[PDB]
$ cat target_27.cif   # mmCIF, C-alpha atoms
data_input
loop_
_atom_site.label_atom_id
_atom_site.label_comp_id
_atom_site.auth_asym_id
_atom_site.auth_seq_id
_atom_site.Cartn_x
_atom_site.Cartn_y
_atom_site.Cartn_z
CA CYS A 1 -10.63 121.62 122.00
CA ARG A 2 -9.34 125.05 122.94
CA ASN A 3 -11.35 126.61 120.11
CA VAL A 4 -14.61 124.87 121.00
CA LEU A 5 -13.87 126.02 124.54
CA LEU A 6 -13.19 129.47 123.08
CA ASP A 7 -15.97 129.70 120.48
CA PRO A 8 -18.90 127.27 120.37
CA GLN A 9 -19.89 129.29 117.33
CA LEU A 10 -17.71 128.58 114.30
CA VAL A 11 -17.93 129.04 110.56
CA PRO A 12 -18.09 126.49 107.75
CA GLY A 13 -15.61 126.66 104.95
CA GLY A 14 -12.83 125.19 102.86
CA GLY A 15 -11.44 128.54 101.91
CA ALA A 16 -14.96 129.62 100.97
CA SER A 17 -15.02 131.76 104.12
CA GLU A 18 -11.91 133.52 102.84
CA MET A 19 -13.92 134.40 99.75
CA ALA A 20 -16.78 135.44 102.03
CA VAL A 21 -14.50 137.86 103.85
CA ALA A 22 -13.21 138.99 100.44
CA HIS A 23 -16.67 139.74 99.06
CA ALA A 24 -17.78 141.48 102.26
CA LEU A 25 -14.92 143.94 101.81
CA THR A 26 -15.85 144.55 98.17
CA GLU A 27 -19.41 145.53 99.07
CA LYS A 28 -18.06 147.89 101.73
CA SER A 29 -15.46 149.06 99.23
CA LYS A 30 -18.31 150.34 97.06
CA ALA A 31 -20.35 151.51 100.04
CA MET A 32 -17.76 153.57 101.93
CA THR A 33 -16.75 155.71 98.89
CA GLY A 34 -13.73 157.97 99.13
CA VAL A 35 -9.95 157.79 99.17
CA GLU A 36 -10.08 154.72 101.42
CA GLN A 37 -11.57 152.27 98.94
CA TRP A 38 -8.61 151.74 96.63
CA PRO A 39 -6.35 150.06 99.22
CA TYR A 40 -9.48 148.63 100.82
CA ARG A 41 -10.61 146.89 97.63
CA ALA A 42 -7.10 145.80 96.64
CA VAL A 43 -6.64 143.71 99.78
CA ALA A 44 -10.03 142.11 99.08
CA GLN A 45 -8.51 140.82 95.85
CA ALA A 46 -5.67 139.19 97.78
CA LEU A 47 -7.91 136.89 99.83
CA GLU A 48 -9.64 135.05 96.98
CA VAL A 49 -6.36 133.87 95.41
CA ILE A 50 -5.76 131.32 98.17
CA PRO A 51 -8.91 129.15 97.78
CA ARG A 52 -8.52 129.66 94.03
CA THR A 53 -5.18 127.91 94.42
CA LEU A 54 -6.78 125.14 96.48
CA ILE A 55 -9.26 124.42 93.70
CA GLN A 56 -6.43 124.89 91.20
CA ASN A 57 -4.96 121.63 92.49
CA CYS A 58 -8.48 120.20 92.22
CA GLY A 59 -8.32 121.15 88.55
CA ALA A 60 -10.79 123.19 86.51
CA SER A 61 -11.18 126.66 84.99
CA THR A 62 -10.46 128.03 88.44
CA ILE A 63 -10.82 131.66 87.34
CA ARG A 64 -14.33 130.94 86.09
CA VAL B 1 -21.21 126.41 50.51
CA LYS B 2 -19.90 125.56 47.05
CA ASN B 3 -19.13 122.16 48.60
CA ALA B 4 -22.67 122.07 50.01
CA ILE B 5 -24.24 122.13 46.54
CA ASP B 6 -21.66 119.51 45.53
CA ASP B 7 -22.49 116.88 48.14
CA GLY B 8 -25.73 115.53 49.54
CA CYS B 9 -24.47 114.97 53.09
CA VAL B 10 -23.89 117.90 55.45
CA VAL B 11 -22.28 116.66 58.65
CA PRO B 12 -22.01 118.17 62.14
CA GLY B 13 -18.31 118.93 62.35
CA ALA B 14 -16.12 120.84 64.83
CA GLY B 15 -14.85 117.64 66.46
CA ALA B 16 -17.98 115.50 66.24
CA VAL B 17 -16.44 113.12 63.70
CA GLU B 18 -12.98 113.42 65.24
CA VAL B 19 -13.52 111.54 68.49
CA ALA B 20 -16.04 109.31 66.72
CA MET B 21 -13.31 108.03 64.42
CA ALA B 22 -10.79 107.54 67.25
CA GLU B 23 -13.24 105.41 69.23
CA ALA B 24 -13.51 102.91 66.38
CA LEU B 25 -9.82 103.03 65.47
CA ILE B 26 -8.23 102.35 68.86
CA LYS B 27 -10.81 99.97 70.31
CA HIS B 28 -11.39 97.96 67.13
CA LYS B 29 -8.16 97.00 65.47
CA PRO B 30 -8.98 97.04 61.73
CA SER B 31 -5.81 95.15 60.82
CA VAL B 32 -5.29 93.34 64.15
CA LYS B 33 -1.68 92.41 63.23
CA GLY B 34 0.39 94.60 65.50
CA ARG B 35 2.57 96.26 62.86
CA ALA B 36 -0.22 98.42 61.45
CA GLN B 37 -2.06 99.08 64.72
CA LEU B 38 0.99 101.09 65.81
CA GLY B 39 0.21 103.49 62.98
CA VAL B 40 -3.47 103.39 63.95
CA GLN B 41 -2.56 104.70 67.42
CA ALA B 42 -0.71 107.65 65.90
CA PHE B 43 -3.59 108.12 63.46
CA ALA B 44 -6.45 108.19 65.98
CA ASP B 45 -4.51 110.45 68.35
CA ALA B 46 -4.00 112.82 65.42
CA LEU B 47 -7.76 113.29 65.28
CA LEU B 48 -8.04 114.67 68.78
CA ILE B 49 -6.16 117.94 68.20
CA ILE B 50 -9.01 119.98 66.69
CA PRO B 51 -11.69 119.67 69.46
CA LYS B 52 -9.33 119.49 72.41
CA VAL B 53 -7.17 122.59 72.06
CA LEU B 54 -9.70 125.12 70.76
CA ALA B 55 -11.89 124.40 73.77
CA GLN B 56 -8.75 124.50 75.92
CA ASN B 57 -8.15 127.92 74.38
CA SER B 58 -11.72 128.82 75.35
CA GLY B 59 -11.00 128.07 79.01
CA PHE B 60 -12.37 124.59 79.62
CA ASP B 61 -9.15 122.61 79.22
CA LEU B 62 -8.60 119.71 76.85
CA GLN B 63 -9.25 116.90 79.32
CA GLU B 64 -12.70 118.09 80.39
#

$ encode --input "target_27.cif" --output "structure tokens"
Amino acid sequence: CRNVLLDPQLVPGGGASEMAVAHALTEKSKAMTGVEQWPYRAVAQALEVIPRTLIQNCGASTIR
Amino acid sequence: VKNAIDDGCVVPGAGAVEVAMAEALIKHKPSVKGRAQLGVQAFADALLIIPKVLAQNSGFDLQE
């Protein structure tokens, strides 16, 4: 109720948004070429592990 | 293929016969007396090892 008072806009997601942040970094990792991209792409790898773990409990080839 | 000229019946293998045996063995007791069906249960579960773990090695685990 504070959030819908804060933001009527809101995203979908079940951890899929965390992937969507993670892939948006990876595109800008390859777009903003230079010394910055190697820490900037490494933290993009850290985000996708969490919804991977949520579907790991669901149970499949979660890496695929 | 020496065996192929020997027989007349070439069968789809790789696990196709393996679960097909274990369906008939467990569900239909051949020797419905309970002493031998104990050995049937070990026998039909022996058949599962070839399709289940090579696919599990491939990434789609044994239960799927």

$ resolve_selection --input "target_27.cif" --expression "the PyMOL selection byres ((chain A) within 12 of (chain B))" --output "PyMOL selection string"
chain A and resi 59-64

$ resolve_selection --input "target_27.cif" --expression "the PyMOL selection byres ((chain B and resi 42-52) around 9)" --output "list in words"
residues 14, 15, 16, 17, 18, 19, 21, 22, 23, 24, 25, 26, 37, 38, 39, 40, 41, 53, 54, 55, 56, 57, 61, 62, 63 and 64 of chain B

$ write_last_selection --input "target_27.cif" --atoms "C-alpha atoms" --output "short mmCIF file (atom, residue, chain, number, x, y, z; two decimals), keeping the file's coordinate frame"
data_model
loop_
_atom_site.label_atom_id
_atom_site.label_comp_id
_atom_site.auth_asym_id
_atom_site.auth_seq_id
_atom_site.Cartn_x
_atom_site.Cartn_y
_atom_site.Cartn_z
CA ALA B 14 -16.12 120.84 64.83
CA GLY B 15 -14.85 117.64 66.46
CA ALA B 16 -17.98 115.50 66.24
CA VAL B 17 -16.44 113.12 63.70
CA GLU B 18 -12.98 113.42 65.24
CA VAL B 19 -13.52 111.54 68.49
CA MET B 21 -13.31 108.03 64.42
CA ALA B 22 -10.79 107.54 67.25
CA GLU B 23 -13.24 105.41 69.23
CA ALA B 24 -13.51 102.91 66.38
CA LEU B 25 -9.82 103.03 65.47
CA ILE B 26 -8.23 102.35 68.86
CA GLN B 37 -2.06 99.08 64.72
CA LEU B 38 0.99 101.09 65.81
CA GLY B 39 0.21 103.49 62.98
CA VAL B 40 -3.47 103.39 63.95
CA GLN B 41 -2.56 104.70 67.42
CA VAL B 53 -7.17 122.59 72.06
CA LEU B 54 -9.70 125.12 70.76
CA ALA B 55 -11.89 124.40 73.77
CA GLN B 56 -8.75 124.50 75.92
CA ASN B 57 -8.15 127.92 74.38
CA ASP B 61 -9.15 122.61 79.22
CA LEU B 62 -8.60 119.71 76.85
CA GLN B 63 -9.25 116.90 79.32
CA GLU B 64 -12.70 118.09 80.39
#

$ atom_distance --input "target_27.cif" --atom1 "atom CA of residue 47 of chain A" --atom2 "atom CA of residue 7 of chain A"
23.3 Å

$ atom_distance --input "target_27.cif" --atom1 "atom CA of residue 45 of chain A" --atom2 "atom CA of residue 22 of chain A"
6.8 Å

$ residues_near_point --input "target_27.cif" --point "(-5.9, 128.7, 93.9)" --cutoff "12 Å" --atoms "only C-alpha atoms" --output "MDAnalysis selection string"
chainID A and resid 14:16 18:19 46:64

$ closest_residue --input "target_27.cif" --among "A:20, A:11, A:4, A:25" --to "residue 41 of chain A" --atoms "all atoms listed in the file"
A:25

$ axis_aligned_box --input "target_27.cif" --around "segment 27-31 of chain A" --padding-each-side "4 Å" --output "AutoDock Vina command-line options"
--center_x -17.9 --center_y 148.5 --center_z 99.4 --size_x 12.9 --size_y 14.0 --size_z 12.7

$ atom_distance --input "target_27.cif" --atom1 "atom CA of residue 44 of chain A" --atom2 "atom CA of residue 31 of chain A"
14.0 Å
